[PDB]
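Novice: File name run13.cif; file contents mmCIF, N, CA and C atoms; full text below.
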```
data_structure
#
loop_
_atom_site.group_PDB
_atom_site.id
_atom_site.type_symbol
_atom_site.label_atom_id
_atom_site.label_comp_id
_atom_site.auth_asym_id
_atom_site.auth_seq_id
_atom_site.Cartn_x
_atom_site.Cartn_y
_atom_site.Cartn_z
ATOM 1 N N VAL A 729 0.840 -1.193 0.000
ATOM 2 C CA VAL A 729 0.000 0.000 0.000
ATOM 3 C C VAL A 729 0.876 1.244 0.000
ATOM 4 N N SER A 730 1.662 1.422 1.058
ATOM 5 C CA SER A 730 2.459 2.623 1.248
ATOM 6 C C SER A 730 3.943 2.291 1.186
ATOM 7 N N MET A 731 4.734 3.304 0.843
ATOM 8 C CA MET A 731 6.182 3.191 0.778
ATOM 9 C C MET A 731 6.807 4.242 1.685
ATOM 10 N N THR A 732 8.086 4.044 1.989
ATOM 11 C CA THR A 732 8.796 4.961 2.871
ATOM 12 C C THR A 732 8.779 6.372 2.301
ATOM 13 N N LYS A 733 8.348 7.328 3.119
ATOM 14 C CA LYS A 733 8.347 8.731 2.727
ATOM 15 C C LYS A 733 9.732 9.318 2.973
ATOM 16 N N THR A 734 10.355 9.834 1.916
ATOM 17 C CA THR A 734 11.708 10.365 1.985
ATOM 18 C C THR A 734 11.728 11.782 1.434
ATOM 19 N N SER A 735 12.317 12.698 2.198
ATOM 20 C CA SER A 735 12.511 14.081 1.780
ATOM 21 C C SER A 735 14.006 14.335 1.652
ATOM 22 N N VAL A 736 14.468 14.528 0.421
ATOM 23 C CA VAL A 736 15.883 14.728 0.133
ATOM 24 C C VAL A 736 16.154 16.222 0.070
ATOM 25 N N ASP A 737 17.245 16.651 0.696
ATOM 26 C CA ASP A 737 17.680 18.044 0.634
ATOM 27 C C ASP A 737 18.784 18.135 -0.410
ATOM 28 N N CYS A 738 18.489 18.810 -1.521
ATOM 29 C CA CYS A 738 19.457 18.965 -2.598
ATOM 30 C C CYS A 738 20.406 20.137 -2.386
ATOM 31 N N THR A 739 20.163 20.976 -1.378
ATOM 32 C CA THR A 739 21.117 22.028 -1.041
ATOM 33 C C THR A 739 22.295 21.463 -0.256
ATOM 34 N N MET A 740 22.015 20.638 0.754
ATOM 35 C CA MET A 740 23.074 20.055 1.570
ATOM 36 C C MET A 740 23.733 18.864 0.888
ATOM 37 N N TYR A 741 22.948 18.019 0.217
ATOM 38 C CA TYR A 741 23.513 16.849 -0.448
ATOM 39 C C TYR A 741 24.596 17.251 -1.441
ATOM 40 N N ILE A 742 24.296 18.223 -2.303
ATOM 41 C CA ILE A 742 25.251 18.628 -3.331
ATOM 42 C C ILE A 742 26.439 19.345 -2.700
ATOM 43 N N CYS A 743 26.173 20.410 -1.949
ATOM 44 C CA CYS A 743 27.222 21.214 -1.325
ATOM 45 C C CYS A 743 27.082 21.111 0.193
ATOM 46 N N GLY A 744 27.984 20.361 0.821
ATOM 47 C CA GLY A 744 28.094 20.397 2.266
ATOM 48 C C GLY A 744 28.767 21.654 2.777
ATOM 49 N N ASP A 745 28.085 22.401 3.645
ATOM 50 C CA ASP A 745 28.700 23.449 4.463
ATOM 51 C C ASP A 745 29.695 24.280 3.653
ATOM 52 N N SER A 746 29.304 24.627 2.428
ATOM 53 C CA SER A 746 30.201 25.290 1.488
ATOM 54 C C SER A 746 29.499 26.489 0.868
ATOM 55 N N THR A 747 30.106 27.670 1.013
ATOM 56 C CA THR A 747 29.561 28.870 0.387
ATOM 57 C C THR A 747 29.901 28.921 -1.097
ATOM 58 N N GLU A 748 31.163 28.661 -1.449
ATOM 59 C CA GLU A 748 31.565 28.702 -2.851
ATOM 60 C C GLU A 748 30.804 27.667 -3.669
ATOM 61 N N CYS A 749 30.738 26.430 -3.176
ATOM 62 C CA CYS A 749 29.985 25.392 -3.871
ATOM 63 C C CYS A 749 28.526 25.797 -4.035
ATOM 64 N N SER A 750 27.968 26.488 -3.039
ATOM 65 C CA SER A 750 26.576 26.919 -3.126
ATOM 66 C C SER A 750 26.380 27.916 -4.261
ATOM 67 N N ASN A 751 27.257 28.918 -4.357
ATOM 68 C CA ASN A 751 27.154 29.889 -5.442
ATOM 69 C C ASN A 751 27.201 29.199 -6.799
ATOM 70 N N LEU A 752 28.037 28.167 -6.930
ATOM 71 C CA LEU A 752 28.093 27.417 -8.179
ATOM 72 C C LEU A 752 26.779 26.690 -8.442
ATOM 73 N N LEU A 753 26.093 26.263 -7.380
ATOM 74 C CA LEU A 753 24.813 25.587 -7.549
ATOM 75 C C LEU A 753 23.737 26.544 -8.044
ATOM 76 N N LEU A 754 23.814 27.819 -7.654
ATOM 77 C CA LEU A 754 22.835 28.796 -8.117
ATOM 78 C C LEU A 754 22.887 28.963 -9.629
ATOM 79 N N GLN A 755 24.055 28.738 -10.236
ATOM 80 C CA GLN A 755 24.172 28.854 -11.685
ATOM 81 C C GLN A 755 23.301 27.829 -12.399
ATOM 82 N N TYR A 756 23.017 26.699 -11.749
ATOM 83 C CA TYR A 756 22.219 25.654 -12.377
ATOM 84 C C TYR A 756 20.723 25.891 -12.208
ATOM 85 N N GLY A 757 20.337 26.942 -11.490
ATOM 86 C CA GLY A 757 18.948 27.353 -11.442
ATOM 87 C C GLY A 757 18.084 26.594 -10.455
ATOM 88 N N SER A 758 16.830 26.361 -10.837
ATOM 89 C CA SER A 758 15.811 25.796 -9.960
ATOM 90 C C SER A 758 15.835 24.272 -9.907
ATOM 91 N N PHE A 759 16.802 23.625 -10.560
ATOM 92 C CA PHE A 759 16.856 22.165 -10.563
ATOM 93 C C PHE A 759 16.678 21.604 -9.157
ATOM 94 N N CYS A 760 17.424 22.144 -8.191
ATOM 95 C CA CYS A 760 17.254 21.734 -6.801
ATOM 96 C C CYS A 760 15.809 21.919 -6.348
ATOM 97 N N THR A 761 15.179 23.028 -6.741
ATOM 98 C CA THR A 761 13.794 23.273 -6.346
ATOM 99 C C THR A 761 12.860 22.207 -6.908
ATOM 100 N N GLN A 762 13.064 21.817 -8.168
ATOM 101 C CA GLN A 762 12.169 20.855 -8.802
ATOM 102 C C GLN A 762 12.208 19.503 -8.100
ATOM 103 N N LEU A 763 13.376 19.100 -7.596
ATOM 104 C CA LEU A 763 13.485 17.813 -6.920
ATOM 105 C C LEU A 763 12.607 17.764 -5.677
ATOM 106 N N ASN A 764 12.595 18.842 -4.889
ATOM 107 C CA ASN A 764 11.773 18.868 -3.685
ATOM 108 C C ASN A 764 10.294 18.738 -4.024
ATOM 109 N N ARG A 765 9.842 19.418 -5.080
ATOM 110 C CA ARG A 765 8.441 19.324 -5.473
ATOM 111 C C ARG A 765 8.087 17.912 -5.920
ATOM 112 N N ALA A 766 9.007 17.239 -6.613
ATOM 113 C CA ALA A 766 8.745 15.878 -7.068
ATOM 114 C C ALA A 766 8.646 14.918 -5.890
ATOM 115 N N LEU A 767 9.624 14.963 -4.983
ATOM 116 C CA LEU A 767 9.586 14.095 -3.813
ATOM 117 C C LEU A 767 8.434 14.456 -2.885
ATOM 118 N N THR A 768 8.106 15.744 -2.778
ATOM 119 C CA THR A 768 6.966 16.152 -1.963
ATOM 120 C C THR A 768 5.686 15.492 -2.460
ATOM 121 N N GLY A 769 5.472 15.498 -3.777
ATOM 122 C CA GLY A 769 4.297 14.845 -4.328
ATOM 123 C C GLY A 769 4.234 13.371 -3.980
ATOM 124 N N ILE A 770 5.378 12.686 -4.033
ATOM 125 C CA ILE A 770 5.415 11.270 -3.675
ATOM 126 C C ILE A 770 4.936 11.078 -2.242
ATOM 127 N N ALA A 771 5.503 11.846 -1.309
ATOM 128 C CA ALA A 771 5.124 11.717 0.094
ATOM 129 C C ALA A 771 3.629 11.936 0.288
ATOM 130 N N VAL A 772 3.041 12.859 -0.474
ATOM 131 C CA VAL A 772 1.612 13.127 -0.346
ATOM 132 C C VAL A 772 0.800 11.943 -0.858
ATOM 133 N N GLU A 773 1.228 11.339 -1.969
ATOM 134 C CA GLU A 773 0.496 10.204 -2.521
ATOM 135 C C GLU A 773 0.533 9.004 -1.585
ATOM 136 N N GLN A 774 1.614 8.847 -0.817
ATOM 137 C CA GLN A 774 1.707 7.712 0.097
ATOM 138 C C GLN A 774 0.612 7.755 1.155
ATOM 139 N N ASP A 775 0.196 8.953 1.570
ATOM 140 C CA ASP A 775 -0.891 9.070 2.533
ATOM 141 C C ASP A 775 -2.250 8.848 1.881
ATOM 142 N N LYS A 776 -2.389 9.197 0.600
ATOM 143 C CA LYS A 776 -3.644 8.951 -0.101
ATOM 144 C C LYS A 776 -3.918 7.462 -0.249
ATOM 145 N N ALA B 292 12.686 37.473 4.566
ATOM 146 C CA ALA B 292 12.868 37.189 5.988
ATOM 147 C C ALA B 292 12.308 38.372 6.768
ATOM 148 N N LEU B 293 11.107 38.186 7.310
ATOM 149 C CA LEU B 293 10.526 39.089 8.293
ATOM 150 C C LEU B 293 9.897 38.255 9.397
ATOM 151 N N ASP B 294 8.842 37.534 9.029
ATOM 152 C CA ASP B 294 8.110 36.613 9.883
ATOM 153 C C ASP B 294 7.935 35.305 9.117
ATOM 154 N N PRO B 295 7.627 34.188 9.784
ATOM 155 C CA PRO B 295 7.519 32.922 9.042
ATOM 156 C C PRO B 295 6.458 32.945 7.956
ATOM 157 N N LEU B 296 5.481 33.851 8.036
ATOM 158 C CA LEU B 296 4.489 33.959 6.971
ATOM 159 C C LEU B 296 5.115 34.490 5.689
ATOM 160 N N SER B 297 5.901 35.566 5.788
ATOM 161 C CA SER B 297 6.532 36.131 4.600
ATOM 162 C C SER B 297 7.484 35.140 3.946
ATOM 163 N N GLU B 298 8.198 34.343 4.746
ATOM 164 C CA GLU B 298 9.087 33.335 4.180
ATOM 165 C C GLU B 298 8.325 32.384 3.266
ATOM 166 N N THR B 299 7.080 32.060 3.625
ATOM 167 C CA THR B 299 6.260 31.210 2.770
ATOM 168 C C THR B 299 5.899 31.913 1.468
ATOM 169 N N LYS B 300 5.756 33.241 1.500
ATOM 170 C CA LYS B 300 5.391 33.975 0.294
ATOM 171 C C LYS B 300 6.505 33.914 -0.744
ATOM 172 N N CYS B 301 7.750 34.164 -0.329
ATOM 173 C CA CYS B 301 8.871 34.018 -1.251
ATOM 174 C C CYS B 301 9.081 32.561 -1.642
ATOM 175 N N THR B 302 8.820 31.629 -0.723
ATOM 176 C CA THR B 302 8.919 30.213 -1.058
ATOM 177 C C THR B 302 7.965 29.854 -2.190
ATOM 178 N N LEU B 303 6.723 30.328 -2.110
ATOM 179 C CA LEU B 303 5.733 30.100 -3.153
ATOM 180 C C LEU B 303 5.801 31.130 -4.270
ATOM 181 N N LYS B 304 6.552 32.216 -4.085
ATOM 182 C CA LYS B 304 6.630 33.289 -5.075
ATOM 183 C C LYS B 304 5.244 33.856 -5.371
ATOM 184 N N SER B 305 4.415 33.951 -4.333
ATOM 185 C CA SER B 305 3.063 34.473 -4.470
ATOM 186 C C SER B 305 2.675 35.180 -3.181
ATOM 187 N N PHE B 306 1.889 36.251 -3.318
ATOM 188 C CA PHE B 306 1.455 37.014 -2.154
ATOM 189 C C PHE B 306 0.292 36.351 -1.429
ATOM 190 N N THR B 307 -0.276 35.289 -1.993
ATOM 191 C CA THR B 307 -1.393 34.573 -1.388
ATOM 192 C C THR B 307 -0.919 33.190 -0.958
ATOM 193 N N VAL B 308 -0.952 32.932 0.346
ATOM 194 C CA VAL B 308 -0.562 31.642 0.904
ATOM 195 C C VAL B 308 -1.830 30.856 1.199
ATOM 196 N N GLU B 309 -2.007 29.740 0.500
ATOM 197 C CA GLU B 309 -3.183 28.906 0.679
ATOM 198 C C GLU B 309 -3.057 28.065 1.947
ATOM 199 N N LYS B 310 -4.211 27.686 2.490
ATOM 200 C CA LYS B 310 -4.243 26.862 3.690
ATOM 201 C C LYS B 310 -3.498 25.554 3.458
ATOM 202 N N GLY B 311 -2.627 25.209 4.392
ATOM 203 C CA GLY B 311 -1.869 23.980 4.310
ATOM 204 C C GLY B 311 -0.523 24.142 4.987
ATOM 205 N N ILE B 312 0.315 23.124 4.810
ATOM 206 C CA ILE B 312 1.668 23.105 5.352
ATOM 207 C C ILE B 312 2.648 23.142 4.190
ATOM 208 N N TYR B 313 3.646 24.019 4.293
ATOM 209 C CA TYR B 313 4.623 24.214 3.232
ATOM 210 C C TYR B 313 6.015 24.265 3.842
ATOM 211 N N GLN B 314 6.948 23.534 3.239
ATOM 212 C CA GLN B 314 8.325 23.518 3.713
ATOM 213 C C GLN B 314 9.055 24.763 3.223
ATOM 214 N N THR B 315 9.627 25.516 4.161
ATOM 215 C CA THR B 315 10.333 26.753 3.849
ATOM 216 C C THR B 315 11.820 26.532 3.606
ATOM 217 N N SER B 316 12.577 26.232 4.655
ATOM 218 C CA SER B 316 14.014 26.019 4.544
ATOM 219 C C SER B 316 14.418 24.983 5.587
ATOM 220 N N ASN B 317 15.722 24.787 5.745
ATOM 221 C CA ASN B 317 16.240 23.831 6.709
ATOM 222 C C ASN B 317 16.538 24.520 8.039
ATOM 223 N N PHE B 318 16.985 23.722 9.005
ATOM 224 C CA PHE B 318 17.363 24.206 10.329
ATOM 225 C C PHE B 318 18.861 23.982 10.496
ATOM 226 N N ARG B 319 19.619 25.073 10.544
ATOM 227 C CA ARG B 319 21.072 25.005 10.602
ATOM 228 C C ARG B 319 21.554 25.248 12.027
ATOM 229 N N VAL B 320 22.370 24.327 12.533
ATOM 230 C CA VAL B 320 22.996 24.450 13.845
ATOM 231 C C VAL B 320 24.461 24.790 13.621
ATOM 232 N N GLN B 321 24.849 26.011 13.989
ATOM 233 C CA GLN B 321 26.217 26.449 13.765
ATOM 234 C C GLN B 321 27.131 25.961 14.885
ATOM 235 N N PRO B 322 28.412 25.743 14.596
ATOM 236 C CA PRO B 322 29.331 25.291 15.645
ATOM 237 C C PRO B 322 29.650 26.407 16.626
ATOM 238 N N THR B 323 29.957 26.009 17.861
ATOM 239 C CA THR B 323 30.257 26.984 18.903
ATOM 240 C C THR B 323 31.590 27.675 18.638
ATOM 241 N N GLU B 324 32.652 26.895 18.453
ATOM 242 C CA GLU B 324 33.979 27.448 18.221
ATOM 243 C C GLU B 324 34.823 26.398 17.512
ATOM 244 N N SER B 325 35.925 26.858 16.926
ATOM 245 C CA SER B 325 36.852 25.981 16.224
ATOM 246 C C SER B 325 37.819 25.350 17.218
ATOM 247 N N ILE B 326 37.834 24.020 17.259
ATOM 248 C CA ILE B 326 38.704 23.261 18.149
ATOM 249 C C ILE B 326 39.827 22.662 17.317
ATOM 250 N N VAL B 327 41.048 22.731 17.838
ATOM 251 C CA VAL B 327 42.239 22.259 17.141
ATOM 252 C C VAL B 327 43.084 21.456 18.117
ATOM 253 N N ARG B 328 43.335 20.192 17.779
ATOM 254 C CA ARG B 328 44.232 19.329 18.548
ATOM 255 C C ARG B 328 45.231 18.742 17.556
ATOM 256 N N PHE B 329 46.486 19.156 17.674
ATOM 257 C CA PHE B 329 47.571 18.733 16.805
ATOM 258 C C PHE B 329 48.763 18.285 17.642
ATOM 259 N N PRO B 330 49.687 17.526 17.059
ATOM 260 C CA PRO B 330 50.914 17.179 17.780
ATOM 261 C C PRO B 330 51.839 18.380 17.908
ATOM 262 N N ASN B 331 52.678 18.336 18.940
ATOM 263 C CA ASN B 331 53.597 19.427 19.247
ATOM 264 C C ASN B 331 54.948 19.124 18.609
ATOM 265 N N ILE B 332 55.339 19.939 17.631
ATOM 266 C CA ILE B 332 56.629 19.813 16.961
ATOM 267 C C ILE B 332 57.252 21.200 16.887
ATOM 268 N N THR B 333 58.383 21.382 17.565
ATOM 269 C CA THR B 333 59.093 22.654 17.576
ATOM 270 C C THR B 333 60.245 22.708 16.581
ATOM 271 N N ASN B 334 60.506 21.628 15.850
ATOM 272 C CA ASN B 334 61.663 21.555 14.970
ATOM 273 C C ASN B 334 61.334 22.113 13.593
ATOM 274 N N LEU B 335 62.272 22.875 13.038
ATOM 275 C CA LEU B 335 62.132 23.430 11.701
ATOM 276 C C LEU B 335 62.653 22.443 10.664
ATOM 277 N N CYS B 336 61.972 22.395 9.523
ATOM 278 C CA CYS B 336 62.335 21.451 8.481
ATOM 279 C C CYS B 336 63.636 21.880 7.802
ATOM 280 N N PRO B 337 64.576 20.815 7.380
ATOM 281 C CA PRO B 337 65.880 21.155 6.768
ATOM 282 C C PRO B 337 65.743 21.659 5.337
ATOM 283 N N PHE B 338 65.198 22.870 5.198
ATOM 284 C CA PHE B 338 65.105 23.497 3.885
ATOM 285 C C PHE B 338 66.463 23.976 3.390
ATOM 286 N N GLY B 339 67.382 24.291 4.304
ATOM 287 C CA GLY B 339 68.716 24.705 3.906
ATOM 288 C C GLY B 339 69.525 23.610 3.246
ATOM 289 N N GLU B 340 69.367 22.365 3.695
ATOM 290 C CA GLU B 340 70.063 21.232 3.102
ATOM 291 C C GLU B 340 69.488 20.824 1.753
#
```
Could you spell out this file's structure in structure tokens?
Specialist:
Amino acid sequence: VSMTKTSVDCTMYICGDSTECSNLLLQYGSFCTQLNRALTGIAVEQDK
Amino acid sequence: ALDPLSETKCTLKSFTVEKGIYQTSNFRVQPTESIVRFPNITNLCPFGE
């Protein structure tokens, strides 16, 4: 019926505790944002 | 960054926040101070040789 609900953080996963690495991630745009929305939808469907 | 309500507005990029729960950002715990434990060596390296 249900599967493990997992929320992945693409800000910390990609760049650990790094300011320079973070600025480089901003160049790639909203990709990190899209991942959260995709996984968020999964977690919501698991409760349905 | 003003109040947790405004943070949701920039998170959604909309001035209207609909009823529900929305993830804003993470919770960062900063370190207290920098701790350093190293071996004690008073000898200078033989760069002259």
Novice: Decode the PyMOL selection byres ((chain B and name CA) within 12 of (chain A and name CA)) for the given file into explicit residues and return them as a PyMOL selection string.
Specialist: chain B and resi 302-303+312-322
Novice: Please evaluate the PyMOL selection byres (((chain A and resi 731-736 and name CA) around 9) and name CA) against the structure above and give the resulting residues as a PyMOL selection string.
Specialist: chain A and resi 729-730+737-738+741+763-764+767-768+770-772+774
Novice: Enclose segment 310-319 of chain B, meaning all of its atoms listed in the file, in a box aligned along x, y and z, pad it by 4 Å on each side, and list the centre and edge lengths in Å to one decimal, as JSON.
Specialist:
```
{"center_x": 8.7, "center_y": 25.4, "center_z": 7.3, "size_x": 33.8, "size_y": 12.6, "size_z": 17.5}
```
Novice: Give me every alpha helix (DSSP H) residue in chain A, going by DSSP on the backbone, as a VMD selection string.
Specialist: chain A and resid 738 to 742 747 to 754 759 to 775
Novice: What does the distance from atom CA of residue 299 of chain B to atom CA of residue 758 of chain A come to in Å, to one decimal?
Specialist: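 One can read the atom CA of residue 299 of chain B to atom CA of residue 758 of chain A distance as 16.8 Å.
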Novice: Suppose you want the space between atom N of residue 293 of chain B and atom C of residue 323 of chain B; what is it in Å?
Specialist: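 So the two atoms, atom N of residue 293 of chain B and atom C of residue 323 of chain B, lie 25.7 Å apart.
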Novice: Quick one: pull the distance between atom CA of residue 757 of chain A and atom CA of residue 743 of chain A, Å, one decimal.
Specialist: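 Going from atom CA of residue 757 of chain A over to atom CA of residue 743 of chain A covers 14.4 Å.
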